[PDB]
Enquirer: 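Input: one structure, supplied below.
Letters A, B, ... are given to chains in the order of the sequence lines, protein chains preceding strands, and every chain is numbered from 1. First listed ligand is number 1; within each ligand, the first listed atom is number 1.
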Amino acid sequence: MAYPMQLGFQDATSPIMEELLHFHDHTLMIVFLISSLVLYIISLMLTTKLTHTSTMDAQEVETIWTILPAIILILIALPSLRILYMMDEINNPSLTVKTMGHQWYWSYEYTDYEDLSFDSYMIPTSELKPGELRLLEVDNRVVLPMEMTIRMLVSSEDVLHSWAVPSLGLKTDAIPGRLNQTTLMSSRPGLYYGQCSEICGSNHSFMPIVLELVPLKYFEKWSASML
Amino acid sequence: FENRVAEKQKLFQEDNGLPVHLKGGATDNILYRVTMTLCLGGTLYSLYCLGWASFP
Amino acid sequence: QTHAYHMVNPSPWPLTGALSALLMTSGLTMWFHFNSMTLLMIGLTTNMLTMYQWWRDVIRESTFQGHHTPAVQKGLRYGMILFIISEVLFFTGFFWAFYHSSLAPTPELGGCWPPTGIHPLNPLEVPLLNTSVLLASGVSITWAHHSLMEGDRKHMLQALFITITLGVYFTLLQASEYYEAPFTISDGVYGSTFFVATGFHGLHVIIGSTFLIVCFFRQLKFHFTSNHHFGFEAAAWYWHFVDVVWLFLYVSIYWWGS
Amino acid sequence: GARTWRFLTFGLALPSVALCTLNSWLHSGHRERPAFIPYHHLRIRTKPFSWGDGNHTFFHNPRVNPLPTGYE
Amino acid sequence: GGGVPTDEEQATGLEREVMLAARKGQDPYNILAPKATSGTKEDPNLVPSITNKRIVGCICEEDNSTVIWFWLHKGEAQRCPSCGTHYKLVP
Amino acid sequence: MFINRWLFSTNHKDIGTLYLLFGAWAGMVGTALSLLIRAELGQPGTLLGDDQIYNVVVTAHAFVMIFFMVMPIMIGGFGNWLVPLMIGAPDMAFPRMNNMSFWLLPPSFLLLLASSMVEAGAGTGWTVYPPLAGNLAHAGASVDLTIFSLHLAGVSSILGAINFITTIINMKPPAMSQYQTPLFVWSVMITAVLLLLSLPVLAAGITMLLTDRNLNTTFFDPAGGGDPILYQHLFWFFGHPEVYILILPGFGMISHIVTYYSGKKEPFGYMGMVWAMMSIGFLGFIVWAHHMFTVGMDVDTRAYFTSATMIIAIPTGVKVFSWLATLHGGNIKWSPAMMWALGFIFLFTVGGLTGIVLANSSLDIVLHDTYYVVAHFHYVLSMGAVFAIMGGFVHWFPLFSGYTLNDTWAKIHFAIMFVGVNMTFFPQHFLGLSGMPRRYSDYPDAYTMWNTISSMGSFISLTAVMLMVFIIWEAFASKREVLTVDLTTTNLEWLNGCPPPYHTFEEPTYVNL
Amino acid sequence: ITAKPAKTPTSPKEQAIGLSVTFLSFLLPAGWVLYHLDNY
Amino acid sequence: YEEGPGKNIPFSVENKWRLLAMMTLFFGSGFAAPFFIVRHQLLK
Amino acid sequence: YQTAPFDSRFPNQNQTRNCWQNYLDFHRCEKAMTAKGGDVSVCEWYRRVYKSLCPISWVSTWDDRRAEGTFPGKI
Ligand code: HEA
Ligand code: HEA
Ligand SMILES: CCCCC/C=C/C/C=C/C/C=C/C/C=C\CCCC(=O)O[C@H](COC(=O)CCCCCCCCCCCCCCCCC)COP(=O)(O)OCCN
Ligand SMILES: CCCCCC/C=C/CCCCCCCCCC(=O)O[C@H](COC(=O)CCCCCCCCCCCCCCC)COP(=O)(O)OC[C@@H](O)CO
Ligand SMILES: CCCCCC/C=C\CCCCCCCCCC(=O)O[C@H](COC(=O)CCCCCCCCCCCCCCC)COP(=O)(O)OC[C@@H](O)CO
Ligand SMILES: CCCCCCCCCCO[C@@H]1O[C@H](CO)[C@@H](O[C@H]2O[C@H](CO)[C@@H](O)[C@H](O)[C@H]2O)[C@H](O)[C@H]1O
Ligand SMILES: CCCCCCCCCCO[C@@H]1O[C@H](CO)[C@@H](O[C@H]2O[C@H](CO)[C@@H](O)[C@H](O)[C@H]2O)[C@H](O)[C@H]1O
Ligand SMILES: CCCCCCCCCCO[C@@H]1O[C@H](CO)[C@@H](O[C@H]2O[C@H](CO)[C@@H](O)[C@H](O)[C@H]2O)[C@H](O)[C@H]1O
Ligand SMILES: C[C@H](CCC(=O)O)[C@H]1CC[C@H]2[C@@H]3[C@H](O)C[C@@H]4C[C@H](O)CC[C@]4(C)[C@H]3C[C@H](O)[C@]12C
Ligand code: CUA
Ligand SMILES: [Xe]
Ligand SMILES: [Zn+2]
């Protein structure tokens with residue numbers, strides 16, 4: 001989850017979020033450098049009594065102004081596209097979970113073997129247990145095995161929603177009549193939080209996602225207890 | 001039919017200070033007042049309708 | 001002035017047109033939601049009054065007052081071409097909707113096109129006739145154009161009358177088609193794409209036919225010269241546009257989509 | 001010239017229209033209507049239409065357009 | 001078969017004036033770009049005006065994108081402030 | 001005489017004045033809506049107690065700022081005032097149709113304010129995506145009134161585009177080629193081409209939405225075989241060109257302002273500036289699906305849209321570097337308009353660079369539908385458009401009015417506005433990176449500090465807006481009449497005086513070959 | 001730019017009035033609504 | 001039509017205090033409108 | 001059997017047609033095996049894959065439409 005006064009991304013919980021952090025660091029360095037160069041050159045143009053107001057030839061300098069940006073964009077695109085193709089790369093999931101968006105809550109289906117399904121509602125502020133997080137807690141968390149490739153399928157039973165978990169690098173729109181796939185892999189146990197990320201009406205702010213990542217043995221005990 | 005364009009050229013080029021939308025004569029004035037009355041009245045009616053539709 | 005451009009007299013028609021748009025839209029709202037046609041009929045009336053008086057004034061300014069110099073005529077040529085381009089892009093949106101739906105038919109349709117339960121029209125019957133009619137009308141309007149440039153009043157009127165008659169025939173054939181079609185606008189995305197795309201096209205045919213009828217009456221009243229007849233050219237360009245959109249509808253929706 | 005375009009109008013274009021008119025008129029007989037099946041993707045009603053009883057399409061034909069509940 | 005009027009028969013107002021002036025090789029309504037003289041003090045560019053001043057735009061060299069604009073007044077020839085080309089107003 | 005002049009106008013200057021008045025009024029509406037947004041977010045919890053109303057405020061804020069403030073000011077106001085003057089033309093090609101582009105906007109605005117007053121409003125976002133914008137999740141007239149507001153605005157801008165393209169192609173002096181027209185005139189021509197091609201696709205898509213809501217069509221309804229994602233394609237096929245429409249006239253005004261206050265006769269690399277605007281206009285049609293990286297499209301499609309989107313940085317950089325090379329060697333006049341223009345170059349660059357971050361589909365998964373996007377477009381669009389408008393306004397106010405502003409007050413106004421917008425939007429980057437969704441009425445407690453600061457920033461910008469009205473009043477109150485301006489040899493719009501006579505170029509300019 | 005002297009100069013006091021009236025025209029109506037949000 | 005500074009506008013600048021009233025009503029109406037629409041929706 | 005494996009016919013983020021095809025495949029096979037008095041265990045792969053991938057509400061709607069005679073796919 002986010003913490004107070006945070007400047008950057010939530011700590012990476014998945015290998016693909018780790019890759020995105022390193023790719024953002026690379027890209028932010030370029031943003032900083034270009035921003036700073038433009039501000040510097042503005043100050044340089046503005047701080048001399050020397051003048052040259054006759055026509056200037058533009059041809060030579062425009063080679064520099066097109067080639068150097070083109071090189072910079074290639075140096076951003078190469079690692080960007082490597083990560084794009086990694087998050088598409090064939091993997092063998094061991095588990096499939098469905099999530100359906102509703103106004104205003106998520107339902108989850110684990111139908112690989114048992115017909116397990118349940119609804120997941122925001123805990124109102126007036127019902128939070130001491131130390132629980134305003135707008136983020138749910139009654140029924142998404143129990144998942146850690147260190148395993150999971151297929152999440154996302155759809156909606158009404159309007160558009162979007163199923164997001166920033167610390168795993170996940171955001172998949174929930175569209176009625178469409179089954180959107182994403183892959184989830186947590187390097188760690190714990191609770192990972194996200195929030196509906198497509199405007200879905202008056203309670204868009206109030207239908208969060210909570211994953212509960214546990215060792216496979218505990219996931220199997222939890223699944224078995226659910227019969 | 002007969003070519004009466006020269007007679008319409010004489011009418012619409014008469015030095016009488018009228019704008020082109022009124023230069024045909026009294027029928028232009030009638031059609032203009034009908035149009036502008038329906039537009040202004042209709043707009044006032046649309047505002048009434050807004051006032052009605054703005055409450056349960 | 002020592003330029004060739006047209007300084008237009010102050011005019012009420014822009015304001016009456018803008019208000020007609022308010023009345024037609026607030027009127028559609030009041031028809032769809034508040035069970036009433038009143039505002040809509042006022043708006044349609046003020047829209048027709050506005051178009052009549054505005055284009056009447058353009059005729060007064062050109063045929064009667066001489067304001068359409070070659071430079072003004074050149075501007076009107078660009079304006080009509082740019083208008084037609086905007087109409088092409090409008091239709092492009094409906095073709096995009098058609099190809100999106102028909103190339104990737106969803107499970108609700110039976111995962112096929114045409115959808116389960118849809119019996120398309122035979123494209124070799126009335127839709128082929130409609131195609132011969134609009135193609136023929138493109139030939140007759142070209143005959144009308146050449147007759148006018150050659151100074152031939154009688155043959156310009158005959159060719160333009162035949163063009164209009166073919167436009168009316170298309171419109172009555174399409175009206176009859178609509179009534180006989182075993183599917184409706186509510187028959188899913190098949191009905192939706194069919195009726196909205198062909199419906200906007202039939203509206204443009206009625207507009208085009210109306211423009212040709214204006215040109216017919218102006219020709220009867222000797223407004224056009226053998227060299228100066230931009231309203232006729234604009235109506236011919238618009239008419240060719242309507243033909244070409246039909247050919248695209250015929251191939252895409254009636255033939256390939258059947 | 002005008003002579004050529006009149007030649008095309010009367011010698012090709014209108015004869016095409018006459019032949020397509022004959023083709024159409026020969027295949028104009030009423031087709032036998034198919035069994036009604038209340039498919040959920042057809043006869044869509046998300047809001048009543050703003051005319052008649054709200055359940056009839058604008059150019060409703062009783063012979064060939066069933067309602068959601070079937071042929072009239 | 002005839003019966004269609006010609007421009008000569010039926011053009012009126014400014015259209016007709018432009019039509020009649022073009023038959024005489026005159027350009028009172030400024031439809032054509034004037035051809036430059038050498039632009040020297042002995043051979044200045046002659047700028048017609050219906051009044052005592054007119055705006056001149058000087059494209060000093062072919063394919064310059066920058067046009068130099070100034071009011072040219074009745075009287076002694078004036079020079080383009082960029083290239084020094086001479087212009088003389090002829091009311 | 002008053003009704004003939006101001007309701008029946010066929011005059012480019014008077015119609016430009018109507019557009020500027022309309023846009024300034026709309027800007028007050030849009031600013032009030034922005035302050036309600038930041039008041040709801042200014043402390044954790046609920047202020048309005050009604051999140052449907054919050055969503056309606058956000059939706060109206062965007063429509064007002066885009067359709068009623070920026071486009072009317074830039075294209076209707078500066079375009080109608082300056083384009084004919086900069087090409088020596090006596091008016092627009094279609095001076096009467098020009099008046100109807102203007103008079104369609106008050107009715108358009110009335111339909112939007114009707115949408116907000118009937119039922120519970122259109123709480124859809126300015127994207128109006130189905131099914132939220134459909135007849136089940138938004139039953140009632142609000143969304144239909146929003147669709148009709150967009151139709152009227154759409155017709156206004158399509159007819160205006162036809163008028164500008166025809167005027168700029170057909171009404172130059174016969175010796176003046178397209179490569180001897182000023183950059184502001186190029187920027188309007190290119191903007192008009194984008195409007196002509198993009199608005200008809202939006203018109204098709206919102207008409208489909210109208211028919212799904214009222215005629216039992218199913219273009220966007222899976223029950224009939226339709227697809228909500230089709231609406232998104234049609235919307236963004238318009239929507240990406242629209243964001244370039246919003247900035248291109250600003251690029252033209254910035255070229256004139258930087259050239260003028262650098263004491264130069266000409267911008268650096270004129271043909272490069274034309275190339276860059278035409279390139280941005282063309283590329284602007286082939287990138288729209290970067291608004292859809294989370295909807296489930298194919299990986300190769302994501303790769304293509306990432307790559308095409310990044311290309312736009314190249315021509316854009318040529319313009320930025322060309323503005324800097326115009327300043328280079330200038331006798332710099334530190335006018336308030338120059339301050340606006342220098343603020344523009346810097347703030348536009350920051351926002352453009354966060355655009356390049358978002359272009360990367362992979363990172364976009366985590367930034368999409370967060371405050372990072374909101375930060376990106378309030379830099380490049382909100383500050384870009386607004387700074388270009390304020391620079392143009394303070395530069396050309398004496399031309400339009402005949403009166404000077406107090407330059408010291410105008411510099412104070414700039415200083416306040418620069419502090420406010422940066423305090424409002426800079427912290428939204430942190431909120432986005434840390435995962436705060438956009439279109440939220442409330443936020444988890446961790447996001448409190450940056451929301452608090454952003455909301456305090458919004459009040460500083462309000463103080464600048466109030467000061468701006470005072471500054472305009474003081475100029476009309478004092479009546480300092482302009483005598484002369486410098487550089488008229490390269491700024492033809494000034495050469496008929498301040499303000500120019502109702503009719504200008506009755507006798508056209510003399511330009512020889 | 002050069003300009004004639006102000007036909008109708010606006011003194012410091014006149015500016016304070018103009019500024020004050022401008023600010024109040026923005027602040028008082030919005031202030032009234034925001035103060036009464038409870039009553040709403 | 002009248003030409004010149006203060007004459008090419010649909011509002012009078014003859015009196016700076018009447019101008020201040022008109023400008024206040026003009027920009028103040030625009031700025032107030034969203035506050036009163038929110039009030040209207042809340043009172044439903 | 002753990003979950004539905006990668007299927008090269010359906011390699012993209014949109015898995016709608018994977019769910020649909022396996023549902024059709026299961027019901028076509030179940031009809032072929034019943035109509036002879038054959039054995040529905042032959043159909044088991046398709047049953048496990050569609051049960052894994054398809055939303056419960058989709059399966060339930062399709063089931064209801066098959067029983068009503070309004071299912072639009074060919075079985
Ligand atoms: C003025 C309006 C405007 C402009 C000009 C832009 C310009 C750009 N925009 Fe932005 N954009 C918006 C307005 C604008 N945008 C709006 C309103 C939205 C949100 C819509 C909504 O959802 O409501 C948005 C959203 C948006 C998204 C979708 C994000 C998401 O929702 O998840 C993306 C994705 O690629 C995008 C990218 C870009 C890029 C690459 C540019 C480029 O054109 C920028 C190019 C400029 C530069 C790069 C800076 C100058 C260049 C140099 C100094 C040269 C050197 C630079 C390099 C080598 C990098 N923008
Ligand atoms: C041009 C477009 C533009 C402009 C100028 C602005 C200006 C502002 N915007 Fe924004 N905004 C959008 C376009 C714009 N906006 C869009 C498209 C959205 C997305 C909507 C959606 O999600 O659907 C959005 C959303 C948006 C959000 C996110 C809401 C959410 O996700 O829940 C926020 C949050 O703070 C915000 C704040 C502001 C603030 C504080 C200002 C201002 O207060 C900043 C200061 C600027 C001014 C005060 C303008 C001054 C100008 C004039 C008054 C004109 C003067 C005229 C003349 C001189 C002739 N806006
Ligand atoms: C004969 C050839 C042509 C005929 C033309 C049509 C006649 C009536 C309507 C005129 C307007 C047509 C334009 C297209 C709009 C929508 C649908 C029209 C197509 C049509 O007529 O379709 C009919 C349905 O009409 C319907 O719903 C009713 C439609 C009536 C209300 C339509 C309101 C919608 C208006 C939309 C306005 C948007 C304008 C866009 C502005 C863009 C600016 C940028 C089909 O009949 P049906 O019974 O379902 O099936 C036949 C069964 N035997
Ligand atoms: C039963 C009806 C119900 C349907 C209602 C909807 C509207 C139907 C209207 C049909 C259009 C009629 C247009 C008539 C225009 C007449 C004026 C004209 O044609 O004007 C001519 C100029 O053209 C010009 O302005 C050219 C002007 C071109 C006008 C373009 C018209 C297309 C308009 C389409 C309307 C919107 C469609 C969008 C739908 C979503 C005048 O110049 P000339 O001809 O050279 O004459 C001069 C010589 O005589 C001198 O010797
Ligand atoms: C949901 C319902 C909402 C719909 C609301 C519709 C909106 C408004 C109501 C429309 C009222 C129209 C009244 C007639 C307008 C005629 C314009 C015209 O014909 O304009 C002409 C120029 O445009 C030209 O030619 C070429 C361009 C001709 C344009 C004709 C107008 C069409 C308006 C609708 C088009 C939308 C486009 C569809 C694509 C999305 C003439 O220009 P003027 O400046 O007049 O004169 C110049 C003089 O030199 C002439 O002698
Ligand atoms: C000259 C400028 C223009 C002038 C404008 C003139 C305005 C005319 C007012 C007529 O008012 C009508 O009153 C009807 C009866 O009160 C309403 O009927 C409708 O509402 C009824 C409610 O009783 C329902 O039975 C039906 O939906 C329907 O009859 C209808 O909506 C409304 O228009
Ligand atoms: C000087 C200008 C003159 C202005 C006169 C305005 C013209 C019409 C005024 C009467 O208003 C009508 O009254 C009908 C009820 O009394 C409405 O019935 C409507 O409601 C019916 C329900 O029975 C439906 O059949 C239809 O939507 C419709 O007829 C009709 O829609 C509405 O227009
Ligand atoms: C987003 C922009 C908003 C910026 C905020 C504006 C700053 C405040 C402006 C003053 O607004 C006023 O404040 C008064 C309180 O100070 C209110 O009086 C209210 O409270 C008074 C004292 O408690 C009572 O006497 C009055 O009757 C009562 O209306 C009054 O209505 C309101 O106009
Ligand atoms: C008699 C009259 C002469 C026209 C004239 O010179 O004024 C002729 C010339 C062309 C004729 C028209 C064309 O021949 C085409 C049509 C032929 C139809 O048989 C009658 C209507 C029809 C539309 C004709 C009406 C009328 O007889 C017209 C108008
Ligand atoms: Cu569900 Cu937003
Ligand atoms: Xe539109
Ligand atoms: Zn020169």
Side-chain angles (χ1 to χ4, degrees), chain B residues 5, chain C residues 21 24-25 28 31-32 40 44 47-48 51-52 54-59 61-64 66-68 72-73 76 79-80 83-84 86-87 90 170-187 191-192 194-215 218 222-225 227-235 238, chain D residues 49-51 56-61 63-65, chain E residues 5 7 10-12 15, chain F residues 94 147-155 157-158 198-207 210-211 214-217 238:
Chain B
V5 173
Chain C
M24 287 186 293
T25 55
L28 281 173
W31 184 44
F32 288 156
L40 180 61
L44 291 165
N47 185 72
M48 303 304 140
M51 288 183 299
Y52 175 79
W54 189 320
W55 289 318
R56 173 202 73 184
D57 290 352
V58 172
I59 294 166
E61 286 156 353
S62 52
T63 311
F64 306 150
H67 291 287
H68 289 204
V72 170
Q73 200 179 347
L76 289 167
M80 191 69 195
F83 179 70
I84 290 171
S86 73
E87 297 250 66
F90 186 61
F170 175 97
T171 303
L172 297 169
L173 286 166
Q174 202 73 314
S176 172
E177 276 264 274
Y178 273 21
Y179 183 71
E180 303 294 335
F183 54 83
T184 75
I185 201 166
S186 71
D187 285 344
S192 300
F194 182 96
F195 285 112
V196 175
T198 66
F200 272 109
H201 178 261
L203 172 65
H204 281 81
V205 171
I206 294 165
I207 296 171
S209 298
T210 301
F211 199 177
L212 293 171
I213 291 163
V214 174
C215 298
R218 288 190 68 207
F222 297 80
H223 289 189
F224 297 134
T225 76
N227 246 278
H228 193 159
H229 47 251
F230 181 63
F232 178 84
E233 293 185 78
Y238 194 80
Chain D
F49 295 111
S50 303
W51 59 82
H56 291 73
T57 65
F58 201 90
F59 299 125
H60 173 78
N61 177 343
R63 193 189 76 84
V64 299
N65 307 135
Chain E
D7 285 342
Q10 183 162 295
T12 195
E15 183 188 351
Chain F
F94 310 130
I147 295 173
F148 290 135
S149 168
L150 284 162
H151 281 139
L152 295 219
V155 176
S157 286
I158 290 168
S198 61
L199 276 168
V201 182
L202 175 66
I206 70 178
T207 303
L210 188 69
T211 70
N214 295 293
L215 296 182
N216 289 310
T217 61
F238 151 78

Enquirer: Do you see a protein non-hydrogen atom under 4.0 Å from atom 3 (C) of ligand 4?
Expert: no
Enquirer: If you have a sec, work out which protein heavy atom is nearest atom 42 (C) of ligand 3 and how many Å separate them, to one decimal?
Expert: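 Among all protein heavy atoms, the one nearest atom 42 (C) of ligand 3 is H151(F) CD2, 3.8 Å.
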Enquirer: Taking the six-membered ring for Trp, are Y178(C) and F59(D) parallel (under 30°), tilted (30 to 60°) or perpendicular (over 60°)?
Expert: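 Correct class here is tilted.
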Enquirer: Backbone or side chain, does any N or O of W51(D) fall under 3.5 Å from an N or O of ligand 3?
Expert: no
Enquirer: Is the closest side-chain donor-acceptor distance between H228(C) and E15(E) under 3.5 Å?
Expert: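 Yes.
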Enquirer: Checking the N or O distance criterion of under 3.5 Å, is ligand 3 in contact with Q174(C)?
Expert: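 There is no such contact.
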Enquirer: Give me the residue, atom name and distance of the protein heavy atom closest to atom 29 (C) of ligand 3.
Expert: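 It is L215(F) CD1, 4.4 Å.
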Enquirer: Nearest non-hydrogen contact with atom 46 (O) of ligand 3 belongs to which option: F148(F), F183(C), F59(D)?
Expert: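 The option holding the nearest heavy atom is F59(D).
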Enquirer: With a 6.0 Å cut-off on the ring centroids, do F170(C) and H201(C) count as close?
Expert: yes
Enquirer: Does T63(C) reach the side chain of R218(C), with side-chain heavy atoms less than 4.5 Å apart?
Expert: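 Yes - at least one pair of side-chain heavy atoms lies under 4.5 Å apart.
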Enquirer: So which of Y178(C), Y179(C), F32(C) gets nearest to atom 20 (C) of ligand 3, if we judge by its closest heavy atom?
Expert: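 Nearest option to atom 20 (C) of ligand 3, by heavy atoms: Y178(C).
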Enquirer: Considering the heavy atoms of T225(C), write down every atom of ligand 4 situated less than 4.0 Å from one of them.
Expert: 51 (O)
Enquirer: Number the atoms of ligand 4 from 1 as they appear, then name those within less than 4.0 Å of a heavy atom of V58(C), with their elements.
Expert: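 Once the distances to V58(C) are compared, the set is 20 (O), 22 (C), 25 (O).
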Enquirer: Only heavy atoms count here, so choose which of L150(F), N65(D), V64(D) is nearest to atom 52 (C) of ligand 3.
Expert: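 Looking at heavy atoms only, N65(D) sits closest to atom 52 (C) of ligand 3.
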Enquirer: In terms of the angle between their ring planes, are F83(C) and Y238(C) parallel, tilted or perpendicular, with boundaries placed at 30° and 60°?
Expert: parallel
Enquirer: Do any nitrogen or oxygen atoms of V196(C) lie less than 3.5 angstrom from nitrogen or oxygen atoms of ligand 3?
Expert: no
Enquirer: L203(C) versus ligand 3: do any nitrogen or oxygen atoms come within less than 3.5 Å of each other?
Expert: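 Min N/O separation from ligand 3 is not below 3.5 Å for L203(C).
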Enquirer: Mind checking whether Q73(C) contacts ligand 4 via backbone (N, CA, C, O), side chain (CB onward), both or neither, at a 4.0 Å heavy-atom cut-off?
Expert: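 It is neither; nothing of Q73(C) touches ligand 4.
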Enquirer: Closest non-hydrogen protein atom to atom 10 (C) of ligand 4, residue and atom name please, with distance?
Expert: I207(C) O, 3.6 Å
Enquirer: In ligand 4, which numbered atoms sit nearer than 4.0 Å to a non-hydrogen atom of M51(C)?
Expert: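 With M51(C) as reference, the close atoms of ligand 4 come out as 7 (C).
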Enquirer: At less than 4.0 angstrom from any non-hydrogen atom of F224(C), what atoms of ligand 4 do you find?
Expert: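 Every atom of ligand 4 under 4.0 Å from some heavy atom of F224(C): 44 (O).
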Enquirer: Tell me the nearest of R218(C), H68(C), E233(C) to atom 46 (O) of ligand 4, using heavy-atom distances.
Expert: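 The nearest heavy atom belongs to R218(C).
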Enquirer: Please list, in number order, the atoms of ligand 4 under 4.0 Å from a heavy atom of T63(C).
Expert: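 That gives atoms 46 (O), 47 (C), 48 (C), 49 (O) of ligand 4.
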Enquirer: With heavy atoms under 4.0 Å as the rule, classify the contact between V155(F) and ligand 3 as side chain, backbone, both or neither.
Expert: side chain
Enquirer: Is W31(C) touching ligand 3 with its side chain, its backbone, both, or neither, if touching means heavy atoms under 4.0 Å apart?
Expert: side chain
Enquirer: Protein non-hydrogen atoms only, distance under 4.0 Å: does atom 44 (C) of ligand 3 have such a neighbour?
Expert: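 Within 4.0 Å: yes, protein heavy atom nearby.
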Enquirer: Can you sort out which atoms of ligand 4 are near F230(C), meaning under 4.0 Å from one of its heavy atoms?
Expert: 23 (O), 43 (P), 44 (O), 45 (O)
Enquirer: With heavy atoms of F58(D) as the reference, note each atom of ligand 3 found under 4.0 Å away.
Expert: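 This gives 24 (C), 25 (O), 26 (C), 28 (C), 48 (O) as the contact atoms.
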Enquirer: Contact between ligand 4 and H223(C) is defined here as a heavy atom of the residue under 4.0 Å from a ligand atom; is it met?
Expert: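 A heavy atom of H223(C) does come that close to ligand 4.
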